[PDB]
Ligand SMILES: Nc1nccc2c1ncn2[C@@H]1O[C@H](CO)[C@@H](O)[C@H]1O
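Here we start with a single chain on its own, the form solved without ligand AD3, put down as structure tokens.
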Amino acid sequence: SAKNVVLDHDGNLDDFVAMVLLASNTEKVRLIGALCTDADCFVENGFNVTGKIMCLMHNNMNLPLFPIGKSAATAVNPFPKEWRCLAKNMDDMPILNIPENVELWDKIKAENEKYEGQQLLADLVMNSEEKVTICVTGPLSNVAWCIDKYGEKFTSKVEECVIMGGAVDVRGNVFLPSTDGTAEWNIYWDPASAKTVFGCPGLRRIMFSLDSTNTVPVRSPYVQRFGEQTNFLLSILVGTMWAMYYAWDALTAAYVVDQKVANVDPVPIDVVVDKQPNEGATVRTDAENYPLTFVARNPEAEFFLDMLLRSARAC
């Protein structure tokens, strides 16, 4: 029996590949909602692309429709302008603008525009009958808001949080004049929210930090293999997105589909929030009784790559 999942993303190409993985694997995942954050994307574009992908899938593989909410979360440290656009251009991609699918999105657009992402995440998790897995592929601002505002009443309903973020025993990817390169972008965007999430007791966390995502880079030959599947809408979609980096978010969602993707190691993780060169770094803390986070280790690359090619044949 599939398990409930909510995708908490920030609308970049990798977030959409993660969405396709979650959505296409209906035997393992029941996608009950998604929210988009104005981090590594312009939220209005991320919102529309999420909607267009969902409708395309609903009309071609019977994927049940779900609510989509734009989060009000604001950045502590903004992503570079040169990223963010991507979702914008994807909104104009032909495969996401087939009339039957756009017509459906335009019909349900208005009601989805009434949702605010943070509240939607809280509600989906707290009103679900069974527990909910949250796949976070953007900053941790929304899960943090839910923890801060609902506490145990929210966390008790979470199966686990599978998070793309951080860098534990490897360097990060935030290279600015004022940083030391040890922090990763999703955490650096909002360190305090990340700290709240990683230090929260009673919350199970699976963390795909750069330690693991670095081992599965996006290479041209593999991407070109989607050309073997152009009769499938999702292969045209995924291939196009990766043809435009590592499989950061996709690996995270792959684990939600099947934990065989990677084994984990328990690590107590704190986040640096002071304005230091390593602001945003996820570090091992020595604090007594500090909650553990299960950090992904040695991901199964071949298994993941095959999973994505297969998932892209759902329709």
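Sequential numbering from 1, following the sequence displayed.
What comes next is about the form deposited with ligand AD3 bound, which does not appear here.
Scanning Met164, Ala73, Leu121, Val197 against ligand AD3 in the deposited bound form with a 4.5 Å heavy atom cut-off leaves one residue, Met164. Annotated contact segment (heavy atom within 4.5 Å of ligand AD3 in the deposited bound form): 247 to 255, selected among 278 to 286, 27 to 35, 247 to 255, 61 to 69. In the deposited bound form, none of the heavy atoms of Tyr222 sits within 4.5 Å of a heavy atom of ligand AD3. The closest non-hydrogen atom of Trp185 lies within 4.5 Å of ligand AD3 in the deposited bound form. Taking non-hydrogen atoms only, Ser141 never approaches ligand AD3 to within 4.5 angstroms in the deposited bound form. The shortest heavy atom separation between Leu210 and ligand AD3 in the deposited bound form is within 4.5 Å.
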